[PDB]
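Colleague: Sharing my_file.txt, compact mmCIF, C-alpha atoms and all ligand atoms:
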```
# COMPACT_ATOMS: atom_id res chain seq x y z
CA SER A 4 90.06 64.20 106.37
CA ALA A 5 90.47 60.50 107.42
CA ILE A 6 93.61 60.50 105.36
CA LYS A 7 96.44 59.66 107.83
CA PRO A 8 99.38 62.06 108.26
CA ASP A 9 101.63 59.18 107.08
CA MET A 10 100.24 57.13 104.19
CA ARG A 11 101.66 54.15 102.35
CA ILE A 12 101.44 54.16 98.55
CA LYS A 13 101.10 51.18 96.21
CA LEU A 14 101.06 51.43 92.44
CA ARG A 15 100.86 49.41 89.25
CA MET A 16 101.48 50.94 85.83
CA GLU A 17 100.87 49.21 82.53
CA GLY A 18 102.10 51.05 79.51
CA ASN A 19 103.14 51.14 75.88
CA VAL A 20 105.42 53.83 74.41
CA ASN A 21 106.25 53.85 70.68
CA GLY A 22 105.11 50.20 70.61
CA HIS A 23 107.27 49.14 73.61
CA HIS A 24 105.29 47.45 76.35
CA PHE A 25 106.11 47.59 80.03
CA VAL A 26 104.80 47.06 83.57
CA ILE A 27 106.13 49.05 86.51
CA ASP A 28 105.33 48.61 90.22
CA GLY A 29 105.66 51.32 92.88
CA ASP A 30 105.95 51.15 96.62
CA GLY A 31 106.24 54.39 98.61
CA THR A 32 105.14 56.63 101.42
CA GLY A 33 104.08 60.21 101.78
CA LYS A 34 102.80 62.99 103.99
CA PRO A 35 99.56 64.28 102.44
CA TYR A 36 99.46 67.38 104.69
CA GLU A 37 103.03 68.42 103.85
CA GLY A 38 102.68 67.82 100.12
CA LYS A 39 105.61 65.33 100.21
CA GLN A 40 105.90 61.77 98.85
CA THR A 41 108.60 59.29 97.92
CA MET A 42 108.32 56.07 95.79
CA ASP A 43 110.51 53.22 94.80
CA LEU A 44 109.73 52.02 91.26
CA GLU A 45 110.64 48.69 89.76
CA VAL A 46 110.26 47.75 86.07
CA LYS A 47 108.61 44.30 86.09
CA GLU A 48 108.52 43.66 82.35
CA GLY A 49 109.76 45.32 79.18
CA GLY A 50 113.08 46.54 80.58
CA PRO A 51 115.50 48.09 79.96
CA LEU A 52 113.03 50.76 78.89
CA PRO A 53 114.15 52.15 75.46
CA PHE A 54 113.00 55.69 76.27
CA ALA A 55 113.47 58.42 78.87
CA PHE A 56 112.10 57.37 82.27
CA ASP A 57 111.29 61.06 82.94
CA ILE A 58 108.23 60.96 80.64
CA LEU A 59 106.64 58.54 83.13
CA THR A 60 107.36 60.20 86.42
CA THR A 61 104.34 62.54 86.80
CA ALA A 62 102.12 59.47 86.29
CA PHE A 63 103.76 57.98 89.46
CA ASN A 65 98.20 61.95 93.19
CA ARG A 66 97.16 65.51 94.02
CA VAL A 67 96.32 64.44 97.60
CA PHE A 68 100.07 65.04 98.08
CA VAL A 69 99.86 68.83 98.18
CA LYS A 70 100.00 71.22 101.14
CA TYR A 71 96.69 73.13 100.83
CA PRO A 72 96.02 76.29 102.75
CA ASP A 73 92.93 76.20 104.93
CA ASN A 74 91.30 78.82 102.66
CA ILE A 75 91.49 76.78 99.40
CA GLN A 76 89.02 73.93 98.91
CA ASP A 77 91.03 70.66 98.75
CA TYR A 78 89.05 68.60 96.21
CA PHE A 79 91.54 65.72 96.45
CA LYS A 80 91.48 65.08 100.21
CA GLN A 81 87.69 65.61 100.15
CA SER A 82 87.35 62.87 97.52
CA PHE A 83 88.23 60.22 100.13
CA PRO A 84 87.35 57.68 101.28
CA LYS A 85 85.78 56.72 97.81
CA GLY A 86 88.70 58.34 95.94
CA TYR A 87 89.07 59.90 92.49
CA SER A 88 90.55 59.45 89.03
CA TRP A 89 92.43 61.60 86.58
CA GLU A 90 93.25 61.58 82.91
CA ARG A 91 96.13 63.54 81.38
CA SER A 92 97.39 64.48 77.96
CA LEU A 93 101.16 65.14 77.74
CA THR A 94 101.71 66.96 74.43
CA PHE A 95 105.42 67.40 73.52
CA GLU A 96 106.78 70.10 71.27
CA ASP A 97 108.19 67.61 68.66
CA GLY A 98 104.80 65.89 68.25
CA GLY A 99 105.32 63.14 70.81
CA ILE A 100 102.04 62.49 72.67
CA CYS A 101 101.17 60.59 75.83
CA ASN A 102 97.88 59.88 77.51
CA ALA A 103 97.90 58.69 81.10
CA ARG A 104 95.18 57.66 83.58
CA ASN A 105 95.15 56.88 87.32
CA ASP A 106 92.32 55.43 89.42
CA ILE A 107 93.14 56.20 93.03
CA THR A 108 91.65 54.34 95.97
CA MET A 109 92.38 54.18 99.69
CA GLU A 110 92.38 51.01 101.83
CA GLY A 111 93.11 52.07 105.39
CA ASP A 112 96.59 53.64 105.56
CA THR A 113 97.42 52.85 101.86
CA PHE A 114 96.67 54.67 98.59
CA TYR A 115 96.37 52.35 95.64
CA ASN A 116 97.07 53.49 92.09
CA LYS A 117 95.92 51.76 88.85
CA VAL A 118 97.88 53.59 86.17
CA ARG A 119 97.73 53.31 82.39
CA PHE A 120 100.28 55.06 80.17
CA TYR A 121 100.20 55.29 76.37
CA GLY A 122 102.78 57.19 74.32
CA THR A 123 103.31 57.41 70.59
CA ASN A 124 104.65 59.61 67.75
CA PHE A 125 108.02 60.29 69.46
CA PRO A 126 110.63 60.84 66.77
CA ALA A 127 113.22 58.04 66.66
CA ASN A 128 116.03 60.59 66.85
CA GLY A 129 114.35 62.70 69.59
CA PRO A 130 115.41 63.18 73.22
CA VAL A 131 112.78 60.81 74.57
CA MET A 132 113.71 57.75 72.49
CA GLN A 133 117.40 58.68 72.72
CA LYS A 134 117.26 59.04 76.50
CA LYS A 135 118.70 62.57 76.57
CA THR A 136 116.53 63.98 79.37
CA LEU A 137 117.87 65.17 82.73
CA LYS A 138 114.87 66.36 84.82
CA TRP A 139 111.58 68.15 84.85
CA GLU A 140 111.84 71.79 85.84
CA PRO A 141 109.70 72.95 88.79
CA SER A 142 106.30 73.93 87.56
CA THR A 143 103.02 75.62 88.40
CA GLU A 144 99.76 73.90 87.70
CA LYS A 145 96.77 76.15 86.97
CA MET A 146 93.66 74.59 88.60
CA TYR A 147 90.33 75.75 87.20
CA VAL A 148 86.85 74.50 86.23
CA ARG A 149 86.33 73.90 82.50
CA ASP A 150 82.74 72.82 81.71
CA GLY A 151 82.08 71.70 85.26
CA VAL A 152 85.28 69.52 85.32
CA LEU A 153 88.27 70.32 87.50
CA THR A 154 91.22 70.78 85.14
CA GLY A 155 94.94 71.44 85.69
CA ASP A 156 97.00 72.97 82.87
CA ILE A 157 100.81 73.05 83.04
CA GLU A 158 103.51 74.41 80.75
CA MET A 159 106.21 71.81 81.61
CA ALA A 160 109.85 71.62 80.44
CA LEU A 161 112.36 68.76 80.48
CA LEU A 162 115.97 69.85 80.83
CA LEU A 163 118.06 67.95 78.26
CA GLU A 164 121.75 67.24 77.86
CA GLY A 165 123.58 70.15 76.19
CA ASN A 166 121.81 73.16 77.72
CA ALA A 167 118.49 72.57 75.91
CA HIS A 168 114.92 72.30 77.07
CA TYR A 169 112.07 70.20 75.66
CA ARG A 170 108.58 71.52 76.20
CA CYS A 171 105.45 69.58 77.10
CA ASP A 172 101.93 70.83 77.71
CA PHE A 173 99.88 68.97 80.36
CA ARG A 174 96.12 69.02 80.60
CA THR A 175 94.73 66.87 83.44
CA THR A 176 91.05 66.33 84.32
CA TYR A 177 90.27 65.24 87.90
CA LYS A 178 86.94 63.58 88.86
CA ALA A 179 85.80 62.46 92.33
CA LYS A 180 84.20 59.03 92.48
CA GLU A 181 81.45 60.33 94.80
CA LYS A 182 79.13 62.79 93.05
CA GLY A 183 78.43 66.14 94.70
CA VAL A 184 82.03 66.59 95.83
CA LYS A 185 82.33 70.35 95.86
CA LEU A 186 84.53 71.88 93.14
CA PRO A 187 87.21 74.29 94.36
CA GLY A 188 87.87 77.83 93.24
CA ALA A 189 90.61 78.61 90.73
CA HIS A 190 94.08 78.20 92.23
CA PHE A 191 97.67 77.05 91.62
CA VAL A 192 99.87 74.16 92.65
CA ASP A 193 103.63 74.44 92.63
CA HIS A 194 105.37 71.15 91.87
CA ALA A 195 108.93 69.92 92.11
CA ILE A 196 109.60 66.31 91.08
CA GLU A 197 113.03 64.63 91.31
CA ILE A 198 114.61 61.25 90.61
CA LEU A 199 116.61 60.90 93.84
CA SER A 200 118.45 57.80 92.60
CA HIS A 201 118.33 55.11 89.93
CA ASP A 202 120.19 52.19 88.59
CA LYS A 203 122.09 52.54 85.36
CA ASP A 204 119.26 51.14 83.13
CA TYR A 205 116.44 52.62 85.32
CA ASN A 206 115.15 49.17 86.34
CA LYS A 207 114.89 50.72 89.88
CA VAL A 208 114.18 54.38 90.49
CA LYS A 209 113.57 56.41 93.67
CA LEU A 210 111.23 59.37 93.04
CA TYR A 211 110.26 62.39 95.16
CA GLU A 212 107.71 65.19 94.75
CA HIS A 213 106.96 68.30 96.77
CA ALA A 214 103.82 70.27 95.99
CA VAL A 215 102.17 73.31 97.62
CA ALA A 216 98.90 75.04 96.66
CA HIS A 217 98.40 78.84 96.54
CA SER A 218 95.72 81.33 95.47
CA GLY A 219 98.13 83.30 93.29
CA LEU A 220 99.34 86.89 93.82
CA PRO A 221 99.16 88.56 96.33
CA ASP A 222 99.00 85.48 98.69
CA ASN A 223 102.70 84.45 99.11
CL CL B 1 114.49 47.39 83.47
NA NA B 2 115.84 54.25 72.54
```
Spit out the file's structure as structure tokens when you get a sec.

Modeller:
Amino acid sequence: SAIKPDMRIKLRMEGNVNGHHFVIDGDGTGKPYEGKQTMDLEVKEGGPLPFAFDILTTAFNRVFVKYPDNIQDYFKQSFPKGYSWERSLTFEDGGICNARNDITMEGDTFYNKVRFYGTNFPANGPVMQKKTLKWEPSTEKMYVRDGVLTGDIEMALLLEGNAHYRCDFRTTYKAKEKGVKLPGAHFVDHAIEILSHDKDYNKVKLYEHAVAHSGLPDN
């Protein structure tokens, strides 16, 4: 692909969670062929965010995955025109988010137009109370559902006090160019981490590492 081994990443997120509006900008870099990326996030309006920053972090690009040569890489093949995705984040206590990203490429830079809507989080729950610690490493199941590439994930947020908080992801991924060839069923291992942040999460440094595999026995 004409995707560079070192790409710059620019991002704008506009969102509303439990009626709280915010805008967040991201500036980062990554290595598409190693499945590695890092971003610095700055809240531009609405801060300090009155909910757990962790619900946002997977909305801050499946180009950043190390694909084996024998698995069709839909994401890298979607450039230069790019692709979009839409995701439902359904939490075990009835909280619900819907997020969208339109991803483009202008030379050495990926651009990200992100929308994030969340609602129905209980007032007393770990999201509004900011009791989350991290997402656990996960495995995304990539498959074709009605001719649409779909990733399902059983995610969990570690919380304060030795508790977990479950969230089901379903993401649809659609190339801008038609006739981009759908891949076979496969998996993507993800690890996402807040490397650093300021006390009120006005600034956050984020990292993800992702690697694709066929399943068992292929690793
Ligand atoms: Cl802030
Ligand atoms: Na709160």

Colleague: For residue 183 in chain A, work out the shell of residues within 12 Å, counting all atoms listed in the file and skipping chain neighbours fewer than 6 positions away, then give it as a list in words.

Modeller: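 Result of the neighbour search: residues 78, 81, 82 and 151 of chain A.
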
Colleague: Produce a table with one row for each residue of chain A that has an atom at most 7 Å from any atom of ligand NA 2 (chain B), each row naming the nearest atom pair and its distance in Å at one decimal; use only C-alpha atoms and all ligand atoms; arrange rows by chain and rising residue number; format as a Markdown table.

Modeller:
```
| residue | atom | partner | partner_atom | distance |
| --- | --- | --- | --- | --- |
| A:53 | CA | B:NA2 | NA | 4.0 |
| A:54 | CA | B:NA2 | NA | 4.9 |
| A:132 | CA | B:NA2 | NA | 4.1 |
| A:133 | CA | B:NA2 | NA | 4.7 |
| A:134 | CA | B:NA2 | NA | 6.4 |
```

Colleague: Could you please take those selected residues and save C-alpha atoms as a compact mmCIF listing (two decimals), keeping the file's coordinate frame?

Modeller:
```txt
# COMPACT_ATOMS: atom_id res chain seq x y z
CA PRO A 53 114.15 52.15 75.46
CA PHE A 54 113.00 55.69 76.27
CA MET A 132 113.71 57.75 72.49
CA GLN A 133 117.40 58.68 72.72
CA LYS A 134 117.26 59.04 76.50
```

Colleague: Between CA of residue 211 in chain A and CA of residue 101 in chain A, what distance in Å does the model show, to one decimal?

Modeller: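 Interatomic distance here is 21.4 Å.
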
Colleague: Please build the interface table for range 181-211 of chain A against range 61-77 of chain A with a cut-off of 9 Å, listing for each qualifying residue the nearest atom pair and the distance in Å to one decimal; count all atoms listed in the file, order rows by chain and increasing number, and write it as CSV.

Modeller:
```
residue,atom,partner,partner_atom,distance
A:185,CA,A:76,CA,8.2
A:186,CA,A:76,CA,7.6
A:187,CA,A:76,CA,4.9
A:188,CA,A:76,CA,7.0
A:189,CA,A:75,CA,8.9
A:190,CA,A:75,CA,7.8
A:192,CA,A:69,CA,7.7
A:193,CA,A:69,CA,8.7
A:194,CA,A:69,CA,8.7
A:196,CA,A:61,CA,7.8
A:210,CA,A:63,CA,8.4
```

Colleague: Near residue 44 in chain A, counting all atoms listed in the file, which residues have an atom at most 6 Å away, once you skip same-chain residues fewer than 6 positions from it, shown as a PyMOL selection string?

Modeller: chain A and resi 28-29+207-208

Colleague: Ligand CL 1 (chain B): which residues are within 8 Å, counting only C-alpha atoms and all ligand atoms? Reply as a ChimeraX atom specification.

Modeller: /A:45-52,204-207

Colleague: Could you dump the residues just selected with C-alpha atoms as a PDB file, in the coordinates of the input?

Modeller:
```
ATOM      1  CA  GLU A  45     110.640  48.690  89.760  1.00  0.00           C
ATOM      2  CA  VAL A  46     110.260  47.750  86.070  1.00  0.00           C
ATOM      3  CA  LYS A  47     108.610  44.300  86.090  1.00  0.00           C
ATOM      4  CA  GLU A  48     108.520  43.660  82.350  1.00  0.00           C
ATOM      5  CA  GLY A  49     109.760  45.320  79.180  1.00  0.00           C
ATOM      6  CA  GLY A  50     113.080  46.540  80.580  1.00  0.00           C
ATOM      7  CA  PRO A  51     115.500  48.090  79.960  1.00  0.00           C
ATOM      8  CA  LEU A  52     113.030  50.760  78.890  1.00  0.00           C
ATOM      9  CA  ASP A 204     119.260  51.140  83.130  1.00  0.00           C
ATOM     10  CA  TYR A 205     116.440  52.620  85.320  1.00  0.00           C
ATOM     11  CA  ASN A 206     115.150  49.170  86.340  1.00  0.00           C
ATOM     12  CA  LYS A 207     114.890  50.720  89.880  1.00  0.00           C
TER      13      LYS A 207
END
```

Colleague: Please write as a list in words the list of polymer residues whose atoms come within 9 Å of (107.8, 67.9, 78.4), counting all atoms listed in the file and keeping to the coordinates of the file.

Modeller: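 Residues with an atom at most 9 Å from (107.8, 67.9, 78.4): residues 57, 58, 93, 94, 95, 96, 139, 158, 159, 160, 161, 162, 168, 169, 170, 171, 172 and 173 of chain A.
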
Colleague: Given the selection you just returned, output its residues as a file containing C-alpha atoms, formatted as a PDB file, in the frame of the given file.

Modeller:
```pdb
ATOM      1  CA  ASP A  57     111.290  61.060  82.940  1.00  0.00           C
ATOM      2  CA  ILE A  58     108.230  60.960  80.640  1.00  0.00           C
ATOM      3  CA  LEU A  93     101.160  65.140  77.740  1.00  0.00           C
ATOM      4  CA  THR A  94     101.710  66.960  74.430  1.00  0.00           C
ATOM      5  CA  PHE A  95     105.420  67.400  73.520  1.00  0.00           C
ATOM      6  CA  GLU A  96     106.780  70.100  71.270  1.00  0.00           C
ATOM      7  CA  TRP A 139     111.580  68.150  84.850  1.00  0.00           C
ATOM      8  CA  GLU A 158     103.510  74.410  80.750  1.00  0.00           C
ATOM      9  CA  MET A 159     106.210  71.810  81.610  1.00  0.00           C
ATOM     10  CA  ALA A 160     109.850  71.620  80.440  1.00  0.00           C
ATOM     11  CA  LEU A 161     112.360  68.760  80.480  1.00  0.00           C
ATOM     12  CA  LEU A 162     115.970  69.850  80.830  1.00  0.00           C
ATOM     13  CA  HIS A 168     114.920  72.300  77.070  1.00  0.00           C
ATOM     14  CA  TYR A 169     112.070  70.200  75.660  1.00  0.00           C
ATOM     15  CA  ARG A 170     108.580  71.520  76.200  1.00  0.00           C
ATOM     16  CA  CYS A 171     105.450  69.580  77.100  1.00  0.00           C
ATOM     17  CA  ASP A 172     101.930  70.830  77.710  1.00  0.00           C
ATOM     18  CA  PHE A 173      99.880  68.970  80.360  1.00  0.00           C
TER      19      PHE A 173
END
```

Colleague: Of the residues A:164, A:17, A:150, A:110, which is the one nearest to residue 135 in chain A, using only C-alpha atoms?

Modeller: A:164

Colleague: Taking (103.8, 50.3, 83.4) in the coordinates of the supplied file, I want to know which residues reach to within 8 Å of it, counting only C-alpha atoms; could you give the answer as a PyMOL selection string?

Modeller: chain A and resi 15-19+24-28+46+118-120

Colleague: So what do you get for CA of residue 214 in chain A versus CA of residue 125 in chain A, distance-wise?

Modeller: 28.7 Å

Colleague: Point out the residue among A:138, A:174, A:203, A:13 with the least atom-to-atom distance to residue 152 in chain A, counting all atoms listed in the file.

Modeller: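 Among the listed residues, A:174 lies closest to residue 152 in chain A.
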
Colleague: Which residues are close to residue 179 in chain A, i.e. within 7 Å by only C-alpha atoms, leaving aside same-chain residues fewer than 2 positions away? Reply as a PyMOL selection string.

Modeller: chain A and resi 82+86-88+177+181-182+184

Colleague: Could you write out the selected residues, including C-alpha atoms, as a JSON list (two decimals), keeping the file's coordinate frame?

Modeller:
```json
[["chain", "number", "residue", "atom", "x", "y", "z"],
["A", 82, "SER", "CA", 87.35, 62.87, 97.52],
["A", 86, "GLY", "CA", 88.70, 58.34, 95.94],
["A", 87, "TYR", "CA", 89.07, 59.90, 92.49],
["A", 88, "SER", "CA", 90.55, 59.45, 89.03],
["A", 177, "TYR", "CA", 90.27, 65.24, 87.90],
["A", 181, "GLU", "CA", 81.45, 60.33, 94.80],
["A", 182, "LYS", "CA", 79.13, 62.79, 93.05],
["A", 184, "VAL", "CA", 82.03, 66.59, 95.83]]
```

Colleague: Mind pulling up the distance from CA of residue 163 in chain A to CA of residue 131 in chain A?

Modeller: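 Separating CA of residue 131 in chain A from CA of residue 163 in chain A is a distance of 9.6 Å.
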